[PDB]
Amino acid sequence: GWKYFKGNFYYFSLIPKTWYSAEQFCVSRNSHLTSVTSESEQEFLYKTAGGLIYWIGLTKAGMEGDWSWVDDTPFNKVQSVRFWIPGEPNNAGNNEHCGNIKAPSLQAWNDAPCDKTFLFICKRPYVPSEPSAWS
């Protein structure tokens, strides 16, 4: 059930999980909750989501509380400003440390409590099967 888009496969779950249980599901499938690194990718994701809320790999790290991607793609603050829902992230109740895709629009992300259960999106790169590149 993996959908393909620009060198990566994506899994849109049918079962809701907490953010971390979702990530552990993705890891069990050789993947991670999805990063988003371009306008086209954001579009593909929100359109495929179709108005339902999905956990993505957005999560807080480091002492300052900076947003980051669980797949370890460096988080580009500047290029991601357009991807949040207006007025987010707002840290409602000071307990919103994970992020989801929410609105069906380029401005789509909300921060939400990590312990809430949502559907979720996994992402894994296509890696072709080739012999050892060492020698």
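Heads up: residue numbers just count along the shown sequence, starting at 1.
Exercise. For the stretches 84 to 92 and 40 to 48, which has the higher mean C-alpha B-factor as given in the deposited record?
Worked result: Higher mean C-alpha B-factor: 84 to 92.
For this session: Select between 93 to 101 and 29 to 37 the stretch whose C-alpha atoms have the higher average B-factor in the entry.
Result: Looking at the record's C-alpha B-factors, the answer is 93 to 101.
Problem set entry | Among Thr59, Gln79, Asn110, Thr73 - the residue whose C-alpha B-factor is largest in the record | Answer, based on the entry's C-alpha B-factors: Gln79.
Problem set entry | CA B-factor placement of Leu14, once the chain's modelled residues are sorted into thirds | Highest third, going by the recorded CA B-factors of the chain.
Problem set entry | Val127, C-alpha B-factor rank within chain (lowest, middle or highest third) | Its C-alpha B-factor, which the entry lists for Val127, ranks in the highest third among residues of this chain.
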